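Residues per chain, in single letters:
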Amino acid sequence: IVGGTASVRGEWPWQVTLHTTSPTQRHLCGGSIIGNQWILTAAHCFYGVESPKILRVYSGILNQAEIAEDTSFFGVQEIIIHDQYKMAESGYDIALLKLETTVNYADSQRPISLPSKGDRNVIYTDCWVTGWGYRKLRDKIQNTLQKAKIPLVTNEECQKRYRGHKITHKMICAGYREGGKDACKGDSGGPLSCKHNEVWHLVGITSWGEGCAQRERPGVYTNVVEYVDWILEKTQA
Ligand SMILES: *[C@@](O)(c1nccs1)[C@H](CCCNC(=N)N)NC(=O)[C@@H](NC(N)=O)C(C)C
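Residues numbered from 1 in each chain as written, not as in the entry; some residues may be left out. Heavy atoms only, no water.

By the method listed in its record, X-ray crystallography, this PDB entry was determined to a resolution of 2.00 Å.

Taking the PDB entry as the reference, the protein is identified by name as Coagulation factor XI belonging to Homo sapiens.

Asks: Explain the overall build of the protein here, please?
Replies: If you tally the helices and strands in the protein, you get two helices and 14 strands. By the compact-globule yardstick of 18 Å for 237 residues, the protein fits well, its C-alpha radius of gyration being 16 Å. Dimensions of the protein, computed from C-alpha atoms along their principal axes, come out at roughly 45 × 40 × 35 Å. Split into buried and exposed, the 237 residues of the protein put 51% on the buried side. Relative to all contacts within the protein whose residues are 6 or more apart in sequence, the contacts with residues 24 or more apart total 70%. Looking at charge distribution, the protein has the averaged site of its 27 positive side-chain charges lying 5 Å from that of its 25 negative ones. (Helix = DSSP H or I, 4+ residues; strand = E, 2+ residues; numbered from the N terminus. Rg over C-alpha atoms; globule rule 2.2 N^0.38 Å. Buried < 20%, exposed > 50% of the residue type's maximum accessible area, 1.4 Å probe, protein only. Contact = heavy atoms within 4.5 Å. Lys, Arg positive; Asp, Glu negative; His and termini not counted. Charge placed at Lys NZ, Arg CZ, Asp CG, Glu CD.)

Asks: For this particular structure, what's the right way to read the domain arrangement of the protein?
Replies: Interface size is commonly expressed as the accessible surface area that is lost when the partners come together. Per the domain assignment, the segments making up the protein are domain 1 (1–12 + 112–226) and domain 2 (13–111 + 227–237). Put simply, the middle of domain 1 and the middle of domain 2, counted by C-alpha atoms, are 18 Å apart. Tallying the contact residues gives 40 residues for domain 1 and 38 residues for domain 2. Buried surface at the junction of domain 1 and domain 2, both sides included, amounts to about 3000 Å², of which 59% is carbon and sulfur. Looking only at domain 1, the three residues that lose the most surface to domain 2 are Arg9, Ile112 and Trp132, adding up to 22% of its buried area. Put simply, domain 1 and domain 2 have two salt bridges between them. (Domains from an automatic or database assignment. Buried area = accessible area lost by both parts, 1.4 Å probe. Salt bridge = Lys/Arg side-chain N within 4 Å of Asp/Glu carboxyl O.)

Asks: Sorry, what's going on with the site of the ligand here?
Replies: Taken together, 14 residues sit near the ligand, with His44, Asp182, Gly186, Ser188 and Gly209 positioned nearest. In isolation the ligand offers 590 Å² of accessible surface; the protein chains occlude 75% of this area. A class-by-class count of the residues in the shell around the ligand yields four nonpolar, seven polar and three charged. (Near = heavy atom within 4 Å. Areas by Shrake-Rupley, 256 points an atom, 1.4 Å probe, with all protein chains shown as cover. Nonpolar A, V, L, I, M, F, W, Y, C, P; charged D, E, K, R; others polar.)

Asks: What is the right way to read the nonpolar core from this model?
Replies: Generally speaking, soluble globular proteins have nonpolar side chains that are buried together. Judged by nonpolar contacts, the single largest core of 41 residues is most densely connected at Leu18, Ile34, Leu40, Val57 and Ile231. Looking at this core, you find at least three residues from each of domain 1 (1–12 + 112–226) and domain 2 (13–111 + 227–237). Contact partners of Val57, with chain neighbours within four places excluded, come to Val16, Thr17, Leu18, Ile39, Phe73, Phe74, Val76, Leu97 and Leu99. Counting residues in each nonpolar core, the second largest holds 14 residues, with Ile1, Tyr124, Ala148 and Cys194 among its members. (Core = buried A, V, L, I, M, F, W, Y, C linked by side-chain atoms within 4.5 Å.)

Asks: Mind showing me how you'd approach the sheet that holds strand β5 (residues 55–59) here?
Replies: Sheet strands pair by backbone hydrogen bonding; their relative direction is either parallel or antiparallel. On the basis of which strands lie adjacent, the closed barrel formed by six strands has the order β2-β3-β4-β7-β6-β5 and antiparallel pairing. On average, each strand axis in the sheet is tilted by 40° relative to the strand beside it, whichever way the strands run. Alignment of strand β2 (residues 15–20) against strand β3 (residues 26–35), held across six bridges, turns out to be antiparallel. Each bridged residue has a counterpart across the sheet, and for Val16 the counterpart in β3 is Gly31. Across the sheet, helix α2 (residues 228–235) lies against β3, β4 (38–41), β6 (74–81) and β7 (95–99), angled at about 30° from β7, the strand it touches most. (Pairing = 2+ DSSP bridges. Axes fitted to C-alpha atoms, helices over the stretch in contact; angles between N-to-C directions.)

Asks: Help me out: how do you make sense of the state of the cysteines in this one?
Replies: Between two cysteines, a covalent bond joining their sulfur atoms is known as a disulfide. Evaluation of the coordinates by the stated rule reveals four disulfides. A sulfur-sulfur separation of 2.0 Å characterises the disulfide bridge that pairs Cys29 with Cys45. Its S-S torsion of approximately -95° makes the covalent link between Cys29 and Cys45 left-handed. One end of the pair, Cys29, is in strand β3; the other, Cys45, is in the loop between β4 and β5, and 16 residues separate them in sequence. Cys29 sits in the buried class, given a relative accessible area of 4%. For the protein, the bonded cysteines connect in the pattern 1-2, 3-7, 4-5, 6-8 when numbered consecutively along the sequence. (Disulfide = S-S within 2.5 Å.)

Written out as structure tokens, the structure is:
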């Protein structure tokens with residue numbers, strides 16, 4: 001997260017940190033708890049990942065320093081990538097992690113509500129991006145979970161900033177015209193939570209962008225509301 005600040009512990013209880021044990025344990029991507037055995041994250045996060053056996057999901061984390069060899073984690077039973085996904089910049093950048101065990105909800109770890117198809121008219125004005133990603137282009141994974149409030153931008157506006165791409169209605173963008181605040185490397189798969197009517201909604205999933213926090217270059221997110229049916233199909237055994 002560029003231009004953000006340190007989060008308060010338990011502020012974003014749906015936020016989880018995806019870790020890879022190969023070669024040595026490390027932060028891979030972000031993710032969101034959406035059900036007791038389900039993490040919603042980005043498909044492109046699993047590039048090169050041949051098996052879920054090398055994955056560990058940590059919930060209720062503020063500082064990466066909380067994570068050691070003796071820290072409890074959730075194993076991943078299955079990675080579910082959208083069948084139409086080919087590359088973040090192409091859309092369909094969404095995936096589910098089915099956990100080997102169930103998450104015991106608590107003040108530090110609970111699920112975020114998915115947006116409803118009815119809410120596609122809602123004008124979210126209170127939206128935040130969070131993660132342990134880079135604070136700058138050439139940085140490193142951050143110890144403390146960061147947060148930044150970022151305004152949504154219309155798809156038409158976003159398309160203007162990415163004339164080499166196709167910003168579909170399955171994408172959603174957010175950023176300041178002048179830049180300064182944005183997600184960055186390592187935040188991928190993280191949630192774009194927007195507080196509407198005293199209720200947090202998972203509006204987007206951090207996906208890609210040209211650089212980080214650059215002016216006239218808003219971050220691009222998966223438009224979650226467009227995948228509610230897909231999520232329900234893959235989440236139902
Ligand atoms: C993700 O955190 C990661 N993806 C793979 C490893 S870390 C990056 C988030 C970038 C967010 N940028 C922004 N809001 N401006 N995602 C990426 O780096 C993707 N590429 C780009 N060019 O963003 C990924 C497809 C390589």
